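I have placed the structure first, in the form of structure tokens, so that the comments after it can refer back to it.
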Ligand SMILES: COC(=O)Nc1sc(C)nc1-c1ccccc1
Ligand SMILES: [Cl-]
Ligand SMILES: [Mg+2]
Ligand SMILES: [Mg+2]
Ligand SMILES: [Mg+2]
Ligand SMILES: [Mg+2]
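Here you go:
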């Protein structure tokens, strides 16, 4: 029933634009929306990837490897899955493995890769692939992992046990000012509810 | 170490604005970020998203989701029921209200997250994730009455919690729909648990 009629640029930055979207509603009535998009999406099946990195080590409980960074839109520190935008021509799997190494130091192994999923579909067209990766923490490659940040990347690594993830996130939030990402919280909640 | 210095308005619509954020990187170098914010917040968070667990005896437990045309995406998305929190409303009450409006179900609060970020590399948007149970055997939930506010057009899709990820993958494969990243993350963790 519903479809897009037109998309009018309102303002274009280097990285993000705002558009006036005209669409058809299911009553047959024309309506508008204010929509955000990135300027950086070319032929990628999505803007970015987020990595669900399952650190596995003999005689350890499995950990979920998370990162903490300052996020200027938020004005504060956020705890997230490692993540970044997909380079032109790069596959979602390649991007996930690369970002994971860049941000954490760890060299992972692909487990699964989602379809393109929406970040905040009432606001933006932004999409990611959510890529599950296992990290063999018994491999010597992963023994003393060093982040390789890019220019202006400043990332702290936080590994938490999968079997207590929600409580451990709650304990970090109780301890300083900082926001947990909604995807991370959602995953931690499902681990409780299962 | 890192903090906002100033924000420069680039463009303000009625519902969304784009800013150029100036911040201090941890080395002491000043840097810029393009940031999106809503104009609507006053509030613990912009929105609520509801994880609704539909419980009927002698049936599988289901997670209740909604399907809606999303103008920023140009298409239909599958999402947790959700909406913005009214000035003076609690996140709990917003959750029960949105769940009823979008689904017709009357639910009980189970738990409520802190404010969690939606896409912190891009925006300041935050939500409370509110877990709610629905007693599907109660007379009030027998014939659930969905009350859409103006211009909302919402289909209800209930899926079994025990096979959620496979069911969502099937919908995507058959229906050309976008699943929400928080829905997908939750579905992933249901599979990854234990
Ligand atoms: C003509 O109306 C719009 O453009 N509305 C927009 S634009 C946006 C980015 N959000 C809305 C919105 C927010 C809360 C509840 C309903 C809608
Ligand atoms: Cl539950
Ligand atoms: Mg990143
Ligand atoms: Mg990166
Ligand atoms: Mg809604
Ligand atoms: Mg609503």
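Chains as they are written, first to last, in PDB author numbering: chain A, 14 to 207; chain B, 14 to 55, 57 to 208.
Think of the CB as a built atom: it goes at the ideal place given N, C-alpha and C, for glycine as much as any other residue.
For residue i, three-class secondary structure by DSSP
i, result
"residue 73 (chain B)", "coil"
"residue 142 (chain B)", "strand"
"residue 119 (chain A)", "coil"
"residue 11 (chain A)", "With chain A covering only 14 through 207, there is no way to say anything about residue 11 (chain A)."
"residue 132 (chain A)", "coil"
"residue 127 (chain A)", "coil"
"residue 194 (chain A)", "strand"
"residue 205 (chain A)", "helix"
"residue 175 (chain A)", "helix"
"residue 105 (chain A)", "helix"
"residue 154 (chain B)", "helix"
"residue 56 (chain A)", "coil"
"residue 189 (chain A)", "coil"
Test: residue i CB closer than 8 Å to a CB of chain A
i, result
"residue 196 (chain B)", "yes"
"residue 130 (chain B)", "yes"
"residue 193 (chain B)", "yes"
"residue 27 (chain B)", "yes"
"residue 56 (chain B)", "Because chain B is numbered 55 and then 57 with no intervening positions, residue 56 (chain B) cannot be located in this model."
"residue 95 (chain B)", "no"
"residue 17 (chain B)", "yes"
"residue 76 (chain B)", "no"
"residue 127 (chain B)", "yes"
"residue 80 (chain B)", "no"
"residue 152 (chain B)", "no"
"residue 105 (chain B)", "no"
"residue 172 (chain B)", "no"
"residue 43 (chain B)", "no"
"residue 53 (chain B)", "no"
"residue 31 (chain B)", "yes"
"residue 141 (chain B)", "yes"
"residue 47 (chain B)", "yes"
Closer than 8 Å to chain B by CB, residue i
i, result
"residue 160 (chain A)", "no"
"residue 204 (chain A)", "yes"
"residue 180 (chain A)", "no"
"residue 91 (chain A)", "yes"
"residue 244 (chain A)", "It is not possible to answer for residue 244 (chain A), since the shown part of chain A is limited to 14 through 207."
"residue 207 (chain A)", "yes"
"residue 116 (chain A)", "no"
"residue 84 (chain A)", "yes"
"residue 137 (chain A)", "yes"
"residue 165 (chain A)", "yes"
"residue 122 (chain A)", "no"
"residue 100 (chain A)", "no"
"residue 23 (chain A)", "yes"
"residue 144 (chain A)", "no"
"residue 56 (chain A)", "no"
"residue 112 (chain A)", "no"
"residue 177 (chain A)", "no"
"residue 68 (chain A)", "no"
"residue 119 (chain A)", "no"
"residue 34 (chain A)", "yes"
Own chain, CB closer than 6 Å to residue i, minus 5 neighbours either side, in chain order
i, result
"residue 92 (chain A)", "79, 81, 193"
"residue 34 (chain A)", "20, 46, 48"
"residue 17 (chain A)", "36"
Residue i: CB within 7 Å of a non-hydrogen atom of ligand 8
i, result
"residue 25 (chain A)", "Although ligand 8 was asked about, the structure shown includes only ligand 1, ligand 2, ligand 3, ligand 4, ligand 5 and ligand 6 as ligands."
Strand pairing of residue i, partner residues [DSSP]
i, result
"residue 45 (chain A)", "A:35"
"residue 78 (chain B)", "B:172"
"residue 83 (chain A)", "A:90"
"residue 96 (chain B)", "B:63"
"residue 68 (chain B)", "B:76, B:148"
"residue 50 (chain A)", "A:30"
"residue 24 (chain A)", "A:31"
"residue 18 (chain A)", "DSSP, once it has assigned bridges, lists no residue as partnering residue 18 (chain A)."
"residue 137 (chain B)", "B:49"
Contacts around residue i, its chain only, beta-carbon distance under 8 Å, and the 5 residues preceding and following it disregarded
i, result
"residue 182 (chain B)", "92, 173, 193, 197, 198, 201"
"residue 162 (chain A)", "115, 116, 168"
"residue 129 (chain B)", "58, 59, 140, 141, 142"
Contacts around residue i, its chain only, beta-carbon distance under 7 Å, and the 5 residues preceding and following it disregarded
i, result
"residue 98 (chain B)", "53, 60, 61"
"residue 147 (chain B)", "67, 69, 121, 122, 124"
"residue 25 (chain B)", "52"
"residue 87 (chain A)", "192"
"residue 178 (chain B)", "77, 201, 204"
"residue 113 (chain A)", "64, 66, 95, 119, 121, 146"
"residue 186 (chain A)", "193"
Residues near ligand 3, CB to any non-hydrogen atom under 5 Å, in chain order? A:96, A:97
Which residues are close to ligand 2, meaning CB closer than 7 Å to any heavy atom, in chain order? Going by the Cβ distance cut-off, the answer is A:206, B:67, B:124, B:145, B:147.
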